[PDB]
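Keeping their order, the protein sequence lines are chains M, M', I, I' and I''. A prime marks a further copy of an entry chain. All letters in the first sequence, in the order written, are residues 295 to 343 by the entry's author numbering. All letters in the second sequence, in the order written, are residues 50 to 392 by the entry's author numbering. All letters in the third sequence, in the order written, are residues 2 to 273 by the entry's author numbering. All letters in the fourth sequence, in the order written, are residues 2 to 273 by the entry's author numbering. All letters in the fifth sequence, in the order written, are residues 2 to 273 by the entry's author numbering. Even for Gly, the Cβ is constructed at its ideal location relative to N, Cα and C. The next block holds one structure in the form of structure tokens; read it before the comments.
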Amino acid sequence: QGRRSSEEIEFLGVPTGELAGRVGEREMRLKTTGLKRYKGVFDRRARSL
Amino acid sequence: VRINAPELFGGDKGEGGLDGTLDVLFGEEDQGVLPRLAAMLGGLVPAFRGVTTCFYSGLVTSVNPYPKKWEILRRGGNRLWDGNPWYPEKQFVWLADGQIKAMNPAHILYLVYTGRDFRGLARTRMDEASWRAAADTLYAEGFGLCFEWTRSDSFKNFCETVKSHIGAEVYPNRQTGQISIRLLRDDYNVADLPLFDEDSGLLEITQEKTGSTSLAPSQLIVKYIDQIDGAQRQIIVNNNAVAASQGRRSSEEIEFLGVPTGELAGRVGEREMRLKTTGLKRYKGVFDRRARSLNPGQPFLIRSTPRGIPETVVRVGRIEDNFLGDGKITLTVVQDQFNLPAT
Amino acid sequence: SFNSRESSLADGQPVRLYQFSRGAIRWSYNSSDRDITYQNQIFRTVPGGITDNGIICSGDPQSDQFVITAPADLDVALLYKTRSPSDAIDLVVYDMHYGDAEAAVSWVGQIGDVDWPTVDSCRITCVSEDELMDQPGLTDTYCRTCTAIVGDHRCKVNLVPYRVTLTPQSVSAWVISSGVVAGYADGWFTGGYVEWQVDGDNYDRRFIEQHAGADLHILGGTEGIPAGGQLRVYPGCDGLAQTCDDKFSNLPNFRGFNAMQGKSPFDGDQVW
Amino acid sequence: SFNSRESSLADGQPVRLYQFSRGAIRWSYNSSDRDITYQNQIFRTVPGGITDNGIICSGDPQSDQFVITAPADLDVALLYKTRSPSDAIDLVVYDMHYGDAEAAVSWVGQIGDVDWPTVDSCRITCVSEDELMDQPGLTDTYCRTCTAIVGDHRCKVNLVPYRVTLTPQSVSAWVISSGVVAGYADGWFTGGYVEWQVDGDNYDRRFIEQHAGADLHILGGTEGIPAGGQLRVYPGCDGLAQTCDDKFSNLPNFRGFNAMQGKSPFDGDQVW
Amino acid sequence: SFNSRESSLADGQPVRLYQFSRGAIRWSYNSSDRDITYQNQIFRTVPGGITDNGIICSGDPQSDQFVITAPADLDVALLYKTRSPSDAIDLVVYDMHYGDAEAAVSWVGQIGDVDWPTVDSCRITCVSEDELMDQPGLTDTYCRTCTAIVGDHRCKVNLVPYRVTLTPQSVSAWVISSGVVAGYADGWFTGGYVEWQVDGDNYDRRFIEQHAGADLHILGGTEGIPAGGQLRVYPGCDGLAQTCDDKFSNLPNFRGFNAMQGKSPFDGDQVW
Ligand SMILES: [Fe+3]
Ligand SMILES: [Fe+3]
Ligand SMILES: [Fe+3]
């Protein structure tokens, strides 16, 4: 990144800092890993999903 | 700083006062650790670099153990810009015999865009000429503002507030790619502006938007904050001509909390009144490639004899061009009625 | 017979009439191919026809607009081409059947917006009185200034004695100059407006940015001002109590609050 | 002649050029059926053609996107198929007419999103720098921790001495193991990132969930990591003042507030 | 074989079955042209066919509706024509292939809305249990009254002893009169409801606006009330503590707060 960027997320339900960090690592990995999204078309074989 | 007010609240016979010693650490790049603070607090005491901090020690109150809330006035703007101020000769605007040290809004926008602590965009991405011209014009007009950051909202909201306060457009130039700023002022020559005609690069004009005059307000209330005391103040702008025609009174309230002086608020309120009661004509024209070099906020002339529209000055709005495929370049324009009076 | 014709299954001959009125001047148009005389009023036939899109009454002013389509040469709409008239053009719509002298009123309103999408057509958006209820209604502030437009029903100041009738000396793009006003102190006319007769009993009004010596600054330019026409100019009130009483002696009606209190609460921290 | 050709009524030969650049690597494409040489750069011709939808500049970043359509085998877009490259692919669009050596810059931006709706096509959504202004700008909290990413312009800590160059011993689905890091205390590398050269002067970066002994946990999996390629690994700062000074001796630049105050107001109820 | 038939490329014979159930009464319909027997249940064939629009599961109750199209003479939908039944009609949708005795459950829900756009068709909007989560969940107020509907799980009051079975004397448009209730004090039945058997083990309930002498006022009119049918009428609780204990002696379960405090804070200004 050329310039610093920051966002604020509130997890007021979290009672301990370690738990908040555990979930924050998940959020960071999700938001910076570059997910690939697909919109597929399926026949009846995908009926039970 | 030696603050001497032991008897501010009546002393012993009253509620006490304010007597003590105040030490201020603004947080310079090379700011060192204060021995007194670390010695008193102890432990691992950092230098508290990068943030303004103060250390007070002394009497706060007496008789009752309930200290009172404080209010501190503080000016800023120079200690920002990290280490390299930009065009400092026009950074600040002086008002009310130097009482109010207002800052140029152009500097605010430049800091927000290029500030390492805010966005950290490369200084090379900004068109220096346009920003310098805007700053010079604003300083000449003596148009300064004061703001405080506690909303914690997106840059877009604050930038939009600043633009509305000053009446300017910030867009990324399509050609050179840098950020350009254009002020909405009547500072143009009629001749040099490009002209567009049915035979000169105009395809079709569809929308007319004749508008109406019986509607629109007759009285406008502007609310502003005076930075000397921070007390809410308001001014009243009236439209006698429209007021006479109006059968019943109408009023609207607009807040310009960024304005530090009543005269400046009235200056902008006159502009708003003129814009909202002059009956702008809006056009949605269709142009060929001749309108390729236009950018948002750029005024230009349009003529169409069959429609009975004489040479008119309009300012560009929304742009939607199609260079490949349909070949349709469609522009939305508004009549030029933006101007900020100096009195 | 209008209701009977509407209920009739074979005599349906709909014809919609429009009446644009501005004070003493009325414009009459009809959607048929021939002129119609109704209530001693003849409605012109527009080459190309005049038609609307329908009437909606859903209780939402933003959505219940009325749209009129007509050629670009329509006389009533031509006024909006250069500048919107100061007064609102009231519009009344009648419905009648050919061969019958009875008509029913359908829509009543005023012009909301006008545009010319094509050289061969023009679209007019008409708004009803219900849309005027979207603006705020506070209209009250505890500030030092008067908070009242000079001459309003609250100031109760008669401007007729202050009326000045004059013929402008020279008219420029943004400045109208006259020597008669040169005899007044600078800023005497600041905040006032200029009204002059356009046609019949209707006048167009323009506000004044500033007055200095013999030159008057007109907001939005001087376009549309006749160079030799008679002009009526009224003064303007700054709103300060000293200004209100010294000039107009209307202090008893002064609506401002000069020195009652700026911040002083009765639940603060320290009175001294 | 570009402007003259645009104004010309009979010489219109539009051709749009795209330039995708990532540091020292550039990809050149053209929408015509033959290669075009411009500024000593030749633009390849894509079998099937490359075309866009138009340029919109309305001031709304969410609405002013630029869309590119190209086959699914496009080289530049193929990179996004497995994982998005760490660096952003800057895109510059030129406009020129066949037979003329002059071109005009039209659009500048970076890749925003890429998708492959059909096997025979791919849609690329390009975003401008204006969209980066929607995120907040607070970036300030009065908490105990440092509140600064190790190595940023605020920490002012040089990580080059701490750089470690190594060849991984074994690579698994989620864990990369190396014996050299086994000599460091547990958690030494926690919070750091691994960077390695992909092509030219561009490196791909991956953060580390945790470091324990000889095994390193990679966030999001180890896919795309070469099994024998050279890897550069940097440490990570926990953010605690003790951690900041004992390990890096950067306490003077410590941006955190360990023990200044947690709640103490000066307008509370009872000090004791 | 249902799954095998679905995977089969040549035996696809889709047939959708609908089962509308209300307690002890079930309505069975099929989309084919002949009746289908499944689990000892035969599904009628509707002349004109019954078809839906599809199943959506996006997590948004407002958007994930299920639409059914059927003729206007459908028996199950005919009930809603005059008044919505008191109980909700649960709907279960099965899927099976002709010639196979196995079916799979696809959708489960209840009737949400019914309308008759055309004389030859009817549209039914079915909602899932997820839509019942949009209403608030506070359900708590510190007021004087009981804040509990008589007979709910919180009041714990048995209404079976108070049940009164009677045959109405005369039925009018808005008033149902009976002499038996004339022997009770005015307002005894106020707040109660009347339930009577419609079909099988299902009853329709109606609330009572007011009770006065021998005349009972029914909210929303008395339409649908049989003139000679047997009716069960229950009393109603005003909610006042005196009313709760004197009549029902349920004061220990009184959920209201009569005289604990109306405003008294412990951080006010002056206690006296
Ligand atoms: Fe006055
Ligand atoms: Fe650090
Ligand atoms: Fe009860």
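Does any C-beta atom of chain M lie closer than 9 Å to the C-beta of residue i?
i                       : result
residue 5 (chain I'')   : no
residue 170 (chain M')  : yes
residue 210 (chain I')  : yes
residue 131 (chain M')  : no
residue 98 (chain M')   : no
residue 116 (chain I')  : yes
residue 129 (chain I'') : no
residue 241 (chain I')  : no
Assuming residue i contacts residue j (C-beta within less than 8 Å), just tell me the rounded distance between them.
i                      : j                      : result
residue 93 (chain M')  : residue 242 (chain I') : 5 Å
residue 147 (chain I') : residue 245 (chain I') : 6 Å
residue 350 (chain M') : residue 242 (chain M') : 6 Å
residue 52 (chain I')  : residue 34 (chain I')  : Rounded, the Cβ-Cβ distance is 13 Å, inconsistent with contact.
Would you check if the distance between the CB atom of residue i and the CB atom of residue j is smaller than 9 Å?
i                      : j                      : result
residue 152 (chain I') : residue 88 (chain I')  : no
residue 320 (chain M') : residue 383 (chain M') : no
residue 317 (chain M') : residue 208 (chain I)  : no
residue 348 (chain M') : residue 273 (chain M') : no
residue 83 (chain I')  : residue 196 (chain I') : no
residue 77 (chain I')  : residue 90 (chain I')  : yes
residue 129 (chain I)  : residue 109 (chain I)  : yes
residue 117 (chain I)  : residue 255 (chain M') : yes
residue 127 (chain I') : residue 251 (chain I') : no
residue 305 (chain M') : residue 271 (chain M') : yes
residue 338 (chain M') : residue 103 (chain I') : no
Check whether the Cβ of residue i lies closer than 9 Å to any Cβ atom in chain M'.
i                      : result
residue 106 (chain I') : yes
residue 46 (chain I')  : no
residue 32 (chain I')  : yes
residue 302 (chain M)  : yes
For residue i, which of helix, strand or coil comes out of DSSP?
i                       : result
residue 247 (chain I'') : helix
residue 4 (chain I'')   : helix
residue 146 (chain I)   : coil
residue 105 (chain I'') : strand
residue 207 (chain I)   : strand
residue 272 (chain M')  : strand
residue 38 (chain I')   : strand
residue 1 (chain I'')   : There is no way to answer for residue 1 (chain I''), as the model of chain I'' reaches only from 2 to 273.
residue 220 (chain I')  : coil
residue 162 (chain M')  : helix
residue 212 (chain M')  : helix
residue 130 (chain I'') : helix
residue 270 (chain I)   : coil
residue 97 (chain I'')  : strand
At least one CB of chain I'' closer than 9 Å to the CB of residue i: is that the case?
i                     : result
residue 331 (chain M) : no
residue 341 (chain M) : yes
residue 298 (chain M) : no
With a threshold of 9 Å between beta carbons, is residue i in contact with chain I?
i                      : result
residue 280 (chain M') : yes
residue 355 (chain M') : yes
Beta-carbon of residue i versus every beta-carbon of chain I': anything under 9 Å?
i                     : result
residue 318 (chain M) : no
Open item on the list: Taking contact to mean 3 or more Cβ pairs, one atom from each stretch, closer than 8 Å, check whether the segment 199-216 of chain M' and the segment 237-257 of chain M' are in contact.
Closed with: no
Open item on the list: Using a Cβ distance threshold of 8 Å, determine whether the segment 229-236 of chain I' contacts the segment 113-129 of chain I', with at least three qualifying pairs required.
Closed with: no
Open item on the list: If contact is defined by three or more beta carbon pairs under 8 Å, each pair taking one atom from either stretch, is the segment 95-106 of chain I'' in contact with the segment 11-27 of chain I''?
Closed with: yes
Open item on the list: Within 8 Å, do at least three Cβ pairs link the segment 61-68 of chain M' to the segment 103-111 of chain M'?
Closed with: yes
- [ ] Could you say if the segment 253-261 of chain I' and the segment 32-43 of chain I'' meet the contact criterion of at least three C-beta pairs nearer than 8 Å?
- [x] no
Open item on the list: With three or more beta-carbon pairs closer than 8 Å as the criterion, would you say the segment 179-186 of chain I' touches the segment 209-216 of chain I'?
Closed with: yes
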